[PDB]
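In the form deposited without the DNA, a lone chain appears below as structure tokens.
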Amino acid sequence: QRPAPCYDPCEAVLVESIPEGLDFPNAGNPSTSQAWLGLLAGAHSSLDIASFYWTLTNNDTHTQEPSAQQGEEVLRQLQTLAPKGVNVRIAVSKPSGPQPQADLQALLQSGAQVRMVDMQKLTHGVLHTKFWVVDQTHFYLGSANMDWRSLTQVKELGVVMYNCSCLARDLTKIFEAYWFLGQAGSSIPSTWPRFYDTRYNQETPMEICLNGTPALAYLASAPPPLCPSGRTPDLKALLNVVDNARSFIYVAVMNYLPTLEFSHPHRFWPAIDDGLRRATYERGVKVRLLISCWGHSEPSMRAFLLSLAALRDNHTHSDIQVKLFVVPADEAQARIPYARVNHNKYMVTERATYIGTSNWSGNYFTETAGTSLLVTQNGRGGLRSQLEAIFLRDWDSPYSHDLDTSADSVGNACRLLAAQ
């Protein structure tokens, strides 16, 4: 009944982008930039990228920022791959309206293959997923977009899994669905062919050797129409981690909204919300929600976060806490479009790791493409402990604020704090 184990010497590394000027005294991980350049340098056979959008250059953003150099170097290194015999396949979300695609035009000219996926037509969503699969051996999964700002001006969390071909091949099955749908005349098949199916899921995760000790790993995906036989839905994977927690649930996610956003009429979506309420009330689980805040934050989030924060009670052992993580901006940084925010999307418990591409609102689980990596591993000092340490560093930092914080005190625009 249990599927075949993996014999690969899998190694996981948490990789962050830390924005220019954001300091954590006496806390270090390899950067997104360093990890990506390393993957590109080592690529010999194949590179698959699932992507939301491409702005790797100053010219793409109409800026003259020195901090765009890292993104520009990534694009220059990507351009070397197809000429040296690497099979480059890039799946990209179709943009809402007309938009120039300088990065992808450059990669096409280099010999890379590019397909735009019209998720708006197919599912009324977008291709939000961010991952790389390198030589069917290594992968990056996380929050970082193909954006120079993702390296130097926004906070990101991802994982690079090295030397893990069984899980790399499993992730490629998710990529292949995007790749298929990127073709002219494509439609959602009523039944995905057998080659898209996986044996590795919530019920029977993949047995891997992760950093020299046994672990259970699987990859969940969204949305439901893209889900072949055996593939765990992202929402099911996420709620299973919440439902199995017996001590704590720590969530760092850019946006949290228990709704189907931009819907007409508005639709309430309490799947995750009731999961967290159940955890704290039934099992006395300590919940810490670290939500990002910036000038583009949906203001409707504040009331729902205040609603969760109200469930702290010493007698029932109900204990949900909410903080807003705000990346400070100086005058120069404030001029950079869509920068100075924390893009992390992950969850860690006492027993589980969840690393995602999606924000925690309903569209990400019903219409929009996403992928998550689920790991459990008996013992201490592993991937789970490292992610918990990152969460607590951010939670305890001067960049994290209670909901009663004065908006005028936090060092960037924040739509989720009041004047008082």
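The first residue of the sequence shown is number 1, and the count goes up from there.
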property	result
Chain break class at residue 41/residue 42 - deposited residues not modelled	none
Which of 256-264 and 130-138 has higher mean CA B factor, as the PDB entry lists it	256-264
Stretch exceeding the other in mean C-alpha B-factor - 326-334, 340-348	326-334
Peak C-alpha temperature factor (PDB record), options 292, 316, 307, 93	316
Chain thirds of CA B-factor: placement of residue 206	middle
Ranked against its chain, the third holding the CA B-factor of residue 221	lowest
For residue 107, the third of its chain into which the C-alpha B factor falls	highest
Third of the chain, ranked by Cα B-factor, where residue 196 sits	middle
Position of residue 84 among the chain's modelled residues by C-alpha B-factor, lowest, middle or highest third	highest
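In what follows, reference is made to the form solved in complex with the DNA, a form of this protein that is not presented.
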item	value
Residue stretch of 218-226, 290-298, 170-178, 192-200 approaching the DNA in the entry with it bound, non-hydrogen atom distance within 4.5 Å	290-298
One residue of 259, 145, 318, 232 in contact with the DNA, assessed in the entry with it bound (non-hydrogen atom, 4.5 angstroms)	145
The DNA: the contacting residue among 51, 57, 359, 366 in the entry with it bound [heavy atom, 4.5 Å]	359
Contact label in the entry with it bound: residue 280 to the DNA, heavy atom within 4.5 Å	no
Residue 254 within 4.5 Å of the DNA in the entry with it bound, heavy atoms	yes
4.5 angstroms heavy atom contact with the DNA in the entry with it bound for residue 206	no
is_contact(residue 91, the DNA) in the entry with it bound, heavy atom dist at most 4.5 Å	no
Residues of 129-159 having any heavy atom within 4.5 Å of the DNA in the entry with it bound, listed in sequence order	130, 145, 149, 154
